[PDB]
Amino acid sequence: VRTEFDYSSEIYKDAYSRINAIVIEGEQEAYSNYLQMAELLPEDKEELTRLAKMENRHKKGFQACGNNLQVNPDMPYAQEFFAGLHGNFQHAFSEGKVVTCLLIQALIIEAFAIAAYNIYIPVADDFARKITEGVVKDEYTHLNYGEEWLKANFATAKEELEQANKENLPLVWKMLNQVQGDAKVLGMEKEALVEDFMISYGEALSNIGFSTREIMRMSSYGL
């Protein structure tokens, strides 16, 4: 009674193959990104490595979700889906731009992911619901290191954060538009995803030190 398309339908499994691949790839990239962040911030290596390892654990849970639905994920699709943000992350990393890397991974992707997971939970099959609930719980019981680091260093980071937001937030809108059709087959509405993302991202920007007016301008950039 949860979805208009049956979990066993080829329509559902086909859409799932791409959305599942996106979540798996996102988690794979989070693992690698956090390990690379530890190069830039060696003083916080233990915490960043712990986060990396947690995201690798999450990746394996989402792989189990695809297996349970008898779906082979389309990993090349997912790799293309993330190419823009992934490329921007790697370029910033190569220039030692920790602030930009953190905005992309710890703020933008983290908010996008939690949005996706929370909208998926109510429409997920019983097995995948439990896995996703566990992932969401983990994100809630662990400190968002990147957010806290940016908050501690806000005054010096502010200018770059504004610049990184302008360059990267429009890629989120692009991603959401790309994903909309498949997400709808899974019972996940674009409006709900956008809402969840803007609340999460906006709250993070507020915690870090941006004003209500600044967040308005920022969280709606390129939309």
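The numbering used is simple: start at 1 and walk along the sequence shown.
- Higher mean CA temperature factor, per the PDB entry, when comparing 205-213 with 6-14: 205-213.
- Mean CA temperature factor is higher for 146-154 when stretches 146-154 and 131-139 are set side by side in the entry.
- Highest C-alpha temperature factor among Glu189, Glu27, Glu46, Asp182, as the PDB entry reports it: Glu189.
- Residue-level temperature factors show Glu55 in the lowest third of its chain, judged at the C-alpha atom.
- When all modelled residues of the chain are sorted by CA temperature factor, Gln178 is found within the highest third.
- Among the modelled residues of its chain, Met198 has a C-alpha B-factor that falls in the highest third, as given in the PDB entry.
- Among the modelled residues of the chain, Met75 sits in the middle third by CA temperature factor in this PDB entry.
- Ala115 sits in the highest third of its chain by CA B factor, as recorded in the PDB entry.
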